[PDB]
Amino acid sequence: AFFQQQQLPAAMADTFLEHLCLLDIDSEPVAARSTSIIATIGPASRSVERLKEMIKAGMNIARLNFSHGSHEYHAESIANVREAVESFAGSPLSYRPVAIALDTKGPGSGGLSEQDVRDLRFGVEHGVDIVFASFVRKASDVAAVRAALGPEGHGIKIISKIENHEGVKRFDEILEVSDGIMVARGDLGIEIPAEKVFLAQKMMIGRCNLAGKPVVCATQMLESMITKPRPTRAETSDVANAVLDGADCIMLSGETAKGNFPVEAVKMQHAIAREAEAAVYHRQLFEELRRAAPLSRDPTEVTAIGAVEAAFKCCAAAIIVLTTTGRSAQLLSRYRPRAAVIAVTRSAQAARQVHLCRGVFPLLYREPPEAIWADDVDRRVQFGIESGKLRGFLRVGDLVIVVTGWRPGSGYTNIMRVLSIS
């Protein structure tokens, strides 16, 4: 029964063609949904009660579109998101962090606009986790956004939105200085021929997967759901194909910001992503990611590939990793393990930000500290296990891979352990 679920006959196929032939509509997904959902906040999704339903439906990142609304409007949206998120903090083993992303208005006819400088400063003052920078055309646009965030916004992730021909042509220099990329298909489909957008999307997703940096697929994914309760056949296919392409995140804009079915749109993206993740051909994907990733002398990078290889060898239910900044979890995520990456962290911001990386399930550690560091590490690992049991990730008898470091502080991950549950 285990080998009939989660498209396991298709996963064991020797060729991609045979993998397709073995896909089964009766093979139910069992793993937790790994592709994060970004929902745009607006009039249809601003109330605290509506936001609680969206969190339950699967929203991981709340997007605030600074192209519309005042600073007062966006501050109220942030407060409502935080109130809805903290309403579930009473059960720390099931609490779900939700990131807050600021999407800039853009340069317009201009580099960095004066309104963007003010909006970026608002973001730093209100503690946003991510910036989706509109119309990034070159590396200096990213440096300008970074400078506008100042010293107090050093930890904010900058996701560059590629929306025109120049952004596509200068992609390599933009990705090098960005934390990740958004394939902003709305403007891209107006700036370049509509029939070429899929090429730009597939290329950028492939390059981001190669670089190990998050990539978001955005705009008109479930467009018809703005007025209709069910999406079109092209819309469900688009969501599934963005996941199969290798996108870390999928997004909803008008579907959640102004549409009549914001919760249903989140539920639909969740349902499709789960089905598409099980249909991923890990046999070739892992082989290619492994082969393309360069040789490294960084112990976090070396431990990460060793841990993902170990996870596939034993069909590990999860890889539990301790992380301060999210980096050790990101390096595991880049190899696309089938095992869920359960990231235990004390940083509330890192817990929100790792939603950008596919297959990373953040757990915010709020248990009392231990006097001996080795005991404190072990307790964080046991917390990962208990949260995993409660959420359905783990059961007694499962094998897990545990990734830790040799001393406190970020940058010292160097250990991988094979543990039997209970």
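Throughout, we count residues from 1 along the sequence that is shown. Just so we're on the same page, rigid core means the largest C-alpha set that superposes within 1.5 Å between forms.
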item	value
Higher C-alpha RMS shift from the shown form in 8 other deposited structures of this protein - 362-370 or 376-384, rigid core fit	362-370
Larger mean CA deviation from the shown form in 8 other deposited structures of this protein [core fit; 86-94 vs 176-184]	86-94
Deposited-sequence gap flanked by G110 and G111	1 to 3
Mean temperature factor over C-alpha atoms, higher-scoring stretch between 65-73 and 367-375	65-73
Given 316-324 and 130-138, the range whose Cα B-factors average higher in the PDB entry	130-138
Given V381, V360, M54, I38, the residue at which the Cα B factor reaches its maximum	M54
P151, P337, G186, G180, ranked by C-alpha B-factor: the highest one	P151
Among modelled residues of the same chain, the CA temperature factor third for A271	lowest
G306, C-alpha B-factor rank within chain (lowest, middle or highest third)	lowest
Chain third (lowest, middle, highest) by recorded CA B-factor, residue given as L419	middle
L22 CA temperature factor, ranked by third within the chain	lowest
Third of chain Cα B-factors occupied by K169	middle
